[PDB]
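Next come the chains, spelled out residue by residue.
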Amino acid sequence: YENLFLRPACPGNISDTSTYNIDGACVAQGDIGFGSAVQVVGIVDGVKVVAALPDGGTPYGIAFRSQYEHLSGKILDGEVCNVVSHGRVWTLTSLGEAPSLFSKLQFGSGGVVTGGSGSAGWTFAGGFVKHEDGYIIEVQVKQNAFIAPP
Amino acid sequence: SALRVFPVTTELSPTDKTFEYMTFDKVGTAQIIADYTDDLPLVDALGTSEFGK
Amino acid sequence: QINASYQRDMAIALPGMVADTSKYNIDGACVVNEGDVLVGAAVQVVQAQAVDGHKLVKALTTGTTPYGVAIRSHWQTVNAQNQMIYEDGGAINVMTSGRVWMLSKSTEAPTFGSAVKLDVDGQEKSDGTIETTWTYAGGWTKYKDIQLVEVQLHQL
Amino acid sequence: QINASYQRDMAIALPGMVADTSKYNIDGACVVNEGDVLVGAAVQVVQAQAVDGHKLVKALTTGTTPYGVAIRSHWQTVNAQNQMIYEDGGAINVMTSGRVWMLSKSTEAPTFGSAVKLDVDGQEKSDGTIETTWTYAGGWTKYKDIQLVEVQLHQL
């Protein structure tokens, strides 16, 4: 009774076949890069409008890699977008060394992981590899973890 | 002119005291989606009735 | 003497109707106790049987803790007061996770991602006294004289 | 002579049994060669791989964070006392979310929805020294000479 692993290990894709959720009814304002956190700025007709994470926002999900929706290499303004709201996913990071297992991550500007000492939110899942003179980490996203401030 | 300006039907047995009829309705929506999604919206239906004497 | 055409739109929500096919989880091993509940209202658990395993649920009251929201079902519900309810001594379909349309008593649109607060009778309210951990999912509509809101729930 | 008939009821559960089919999540790992782990008892992770995420786990210890509960599966053996275990070197299935039948050493039925307290060896106790996020699901039963309790595991 076990969960299979997923082989390609690139940023912006899913790392396991555990319970995951993909919110595919969204549109982008500005440009978004695969493997970055996004935030919900508004809702029109059951569609969520997302943008790259600013300072002071609450992350909602992580952009997901697809080879039909995004032929350019990144997500462009006015495009339908895939966003992962629950599951394990490879994220871009600016950190230098792996944090403690099962710690709480903190997101800098642009939707990159820079902290490992948060109070509550998403947690580190134990994966840490290297990409392009930069690193990739593995994050565990949960649905109601970050709550929008009143 | 009450029996000539309005239709007269005969589909009622002489020994009946009440009659009932049905009406129905429906709701739903559709959205623009991408290739990988799991948030397809749903639809439903309704019903109700009235009476007579 | 020219022809004409007309255009009409269906409604988009119903009380207790499941918002979409995303993550959801349904508890069907419960039984309603001491009264009846409303489709699209929060419920509370009194006790859980140790051996039998069936949970006992009732409508939310003051000072309690919510567990889930009853959902629509054309077969398990009985029709009273021109609405579907769950009469006493019968199996009930509680929802423990997912997005669902709930009856509301507020008058203004909520903020996406904020926490949900309820009334003492299991109906959402913008300034309720009962505090939960569920969130708003963004949806906000209105049927004929009925106010509905889209709420996202996680396992207790 | 008068004909007679008899009747018996089966035992409800087993140590380490998955209770129901409501959203479980089980992952495989390898057991650290230091010490064996009892099926139905909590475990801890000592270190994780950086490339993939495969984890090495062993028995629980004071002042540590539990990770999951070992469940019955194919790769399991017997101890000297005929108690079911996972060997020092081999595969272990660990559930991180869902309802499981976990070993207990308390004496009183717990209250639904409350927090769970653990012990040094990884068995539930009413006044344990280890804090957890898990909850009680209300099931309180007893296999032959062994007490079991129904625990809901929330993903860390």
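Residues numbered from 1 in each chain as written, not as in the entry; some residues may be left out. Chains lettered and ligands numbered in written order. Part of a larger assembly, values for the part shown. Heavy atoms only, no water.

Per the deposition metadata, cryo-EM was the technique used to determine this entry, at a resolution of 3.5 Å.

Each helix and strand in chain A was counted, giving zero helices and 10 strands. For chain A, the α and β elements follow one another from N to C terminus as β-β-β-β-β-β-β-β-β-β. Counting only C-alpha atoms, chain A reaches 40 × 35 × 35 Å along its principal axes. By the burial criterion, 53% of the 150 residues in chain A qualify as buried. Look at the contacts in chain A between residues 6 or more apart in sequence, and 53% of them connect residues 24 or more apart. Here chain A contributes 8 positively and 13 negatively charged side chains, and the mean placements of these two sets differ by 7 Å. (Helix = DSSP H or I, 4+ residues; strand = E, 2+ residues; numbered from the N terminus. Buried < 20%, exposed > 50% of the residue type's maximum accessible area, 1.4 Å probe, protein only. Contact = heavy atoms within 4.5 Å. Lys, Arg positive; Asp, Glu negative; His and termini not counted. Charge placed at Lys NZ, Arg CZ, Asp CG, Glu CD.)

What follows is about the overall build of chain B. From N to C terminus, chain B includes one helix and four strands. Ordered by position from N to C terminus, the α and β elements of chain B give α-β-β-β-β. Taken over C-alpha atoms, the radius of gyration comes to 22 Å for chain B, far larger than the 10 Å a tight globule of 53 residues would show. Each of the three principal axes of chain B carries a C-alpha extent, and together these read 65 × 25 × 15 Å. Out of the 53 residues in chain B, the part that is buried amounts to 13%. (Rg over C-alpha atoms; globule rule 2.2 N^0.38 Å.)

Right, let's talk about the nonpolar core for a bit. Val 100, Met 102, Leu 118, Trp 134, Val 151 and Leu 153 of chain D are the most contacted members of the largest nonpolar core, which totals 17 residues. Those elements giving two or more residues to this core turn out to be β8 (91-103), β9 (115-118), β10 (130-143) and β11 (146-153) of chain D. If you tally residues by element for this core, the top one is β10 of chain D, at four residues. Listed in part, the 16 residues of the second largest apolar core include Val 18, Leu 60, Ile 71 and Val 116 of chain C. (Core = buried A, V, L, I, M, F, W, Y, C linked by side-chain atoms within 4.5 Å.)

Turning our eyes to something else, we now look at a nonpolar patch on the surface. On the surface, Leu 12, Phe 19 and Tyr 21 of chain B cluster together into a nonpolar patch covering about 300 Å² of accessible area. Mapped onto the elements of the fold, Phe 19 of chain B is located in the loop between α1 (2-5) and β1 (20-23). (Patch = residues over 30% accessible without salt bridge, like charges linked within 9 Å, V, L, I, M, F, W, Y side chains within 5 Å. Areas by Shrake-Rupley, 256 points an atom, 1.4 Å probe, with all protein chains shown as cover. Salt bridge = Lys/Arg side-chain N within 4 Å of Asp/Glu carboxyl O.)

This part covers the interface of chain C and chain B. On the side of chain B, 13 residues touch chain C, which itself brings 15 residues to the contact. The contact between chain C and chain B buries some 1,100 Å² in all, and 58% of this surface belongs to carbon and sulfur atoms. Area buried by chain C at its contact with chain B is led by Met 10, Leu 14 and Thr 21 of chain C, which between them contribute 35% of it. Counting across the interface, chain C meets chain B through one salt bridge. (Buried area = accessible area lost by both parts, 1.4 Å probe.)

What follows concerns the interface of chain A and chain C. Residue-level contacts link 11 residues of chain A with 14 residues of chain C. Carbon and sulfur atoms make up 58% of the surface buried where chain A meets chain C, a total of about 1,000 Å² over both sides. The partner of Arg 99 of chain C in a salt bridge is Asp 23 of chain A, and the shortest N-O contact between them spans 3.4 Å. At the junction of chain A and chain C, the tally comes to three residue pairs in polar contact. Contributions of two or more residues to the side of chain A that touches chain C are made by β1 (21-23) and β3 (37-44) of chain A. Split by residue class, the side of chain A that touches chain C holds five nonpolar, four polar and two charged. (Polar contact = N/O pair within 3.5 Å; in protein donor to acceptor, adjacent residues only side chain to side chain. Nonpolar A, V, L, I, M, F, W, Y, C, P; charged D, E, K, R; others polar.)

Moving on to the packing of aromatic side chains. One pass over the structure, following the stated rule, counts seven aromatic pairs over all chains. Their ring planes at 90° and their centres at 5.2 Å tell us that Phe 107 of chain A and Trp 122 of chain A sit as a pair that is edge-to-face. Taken together, the residues span a long stretch of sequence, with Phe 107 of chain A in strand β7 (residues 106-107) and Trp 122 of chain A in the loop between β8 (113-115) and β9 (123-130) at a distance of 15 residues. Note on accessibility: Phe 107 of chain A and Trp 122 of chain A belong to one class, buried. Centre to centre, the rings of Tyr 67 of chain C and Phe 112 of chain D are 6.0 Å apart; their planes meet at 80°, and the pair counts as edge-to-face. Within this pair, whereas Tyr 67 of chain C is found in the loop between β4 (55-59) and β5 (68-70), its partner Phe 112 of chain D is found in the loop between β8 and β9, the two belonging to separate chains. Note on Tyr 67 of chain C: relative accessible area 6%, which makes it buried. Chaining the aromatic ring pairs together yields one cluster made of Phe 107, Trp 122 and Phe 146 of chain A. (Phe/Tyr/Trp six-rings, centres within 6.5 Å; stacked < 30°, edge-to-face > 60°.)

Our next topic: the sheet that holds strand β7 (residues 83-86) of chain C. Residues and elements named next belong to chain C. If you walk across this open sheet you meet the three strands as β2-β7-β6, and the pairing is antiparallel. What marks the edges here is a single partner per strand, and that holds for β2 (37-38) and β6 (78-80). In this structure, β6 lies alongside β7, joined through three bridges in antiparallel fashion. When the sheet's bridge partners are listed, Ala 80 is paired in β7 with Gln 83. (Pairing = 2+ DSSP bridges.)

Before going further, it helps to examine the pairing of strand β3 (residues 42-48) of chain C. Residues and elements named next belong to chain C. Of the pairings in the sheet, the one linking β3 to β5 comprises two bridges and is antiparallel in character. If you follow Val 43 over to β5, its bridge partner there is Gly 68. Taken together, the four bridges between β3 and β4 define a ladder with antiparallel strand orientation. Across the sheet, the residue bridging to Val 45 is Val 57, located in β4. Linking β3 to β4, which pair antiparallel, is a turn of six residues; within it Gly 53 sits at a positive phi near 100°.

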